[PDB]
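Report on one structure; see the data block that follows.
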Amino acid sequence: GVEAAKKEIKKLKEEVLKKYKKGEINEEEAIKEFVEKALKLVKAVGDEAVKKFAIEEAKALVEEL
Amino acid sequence: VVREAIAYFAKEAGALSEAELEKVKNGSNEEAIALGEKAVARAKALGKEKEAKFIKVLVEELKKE
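This is the structure in C-alpha cells:
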C-alpha cells in the first residue's frame, strides 16, 4: 500500500546514499539508480501520496549529494 | 510522475516559466522533452548543477517511454 511503498522509497534513498558516501557510485549514478528503482515503486503504487513522497525523497537525495 | 517531477525540479531551480511548467505537465511528449532539455540547460547556467543532473535523467526517462 501507500505506507509500505513510502517505506521502500525512503529505504531505497538511504541505500543509494550509503553506496555514494562509501565511494561505490558517483553522483549521477546515484541519481540514476534512485530514479529507476523509485519509478518502479511509484508505477506499482501510483497513489498521489506515493508520487508526492517520491518527489520529496528525490529532492532530499539531490540536496544531500 | 516523471512530468510532475521535472516540473517540480525546474520550478525549484527556476529553470522554466509558469507557462513552460504547465506545458511540461499537460503538453505533448515532444514538448515535455524539449522543455526539460531547456530546463537542464537553464539550471546548469544558474549553478543548479545537481538539479540539472536530476532533470536530465528524468528527460532520458521520458525519451525511453
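Heads up: the sequence lines are chains B and A, in that order. Take the first sequence: its position 4, counting from 1, is numbered 4 in PDB author numbering, and each next residue is one higher. Take the second sequence: its position 57, counting from 1, is numbered 57 in PDB author numbering, and each next residue is one higher. By construction, the Cβ of each residue, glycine as well, lies at the ideal position given by its N, Cα and C atoms.
- Within the segment 37-63 of chain B, no complete beta strand (DSSP E) segment of 3 residues or longer occurs.
- Relative to the Cα of B:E63, the nearest Cα in the group A:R3, A:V2, A:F9 and A:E4 belongs to A:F9.
- If you look at A:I55, you'll find it in the alpha helix (DSSP H) that goes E49 to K64.
- The straight-line gap separating the alpha-carbon atoms of A:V40 and A:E61 is approximately 14 Å.
- Within chain A, the residues whose beta carbon sits less than 7 Å from that of B:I31 are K53, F54 and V57, listed in sequence order.
- Taking 8 Å as the threshold, the shortest C-beta distance from A:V1 to chain B falls below it.
- B:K37 is not a Cβ neighbour of B:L65, given a cutoff of 8 Å.
- Contact check for A:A45 against A:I55 fails: the beta carbons are separated by 8 Å or more.
- Secondary structure at A:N26: helix, using DSSP grouped into helix, strand and coil.
- Rounded to the nearest whole angstrom, the CA to CA distance from A:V24 to B:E33 is 23 Å.
- Under the three-state reduction of DSSP, B:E24 is assigned to coil, being neither helix nor strand.
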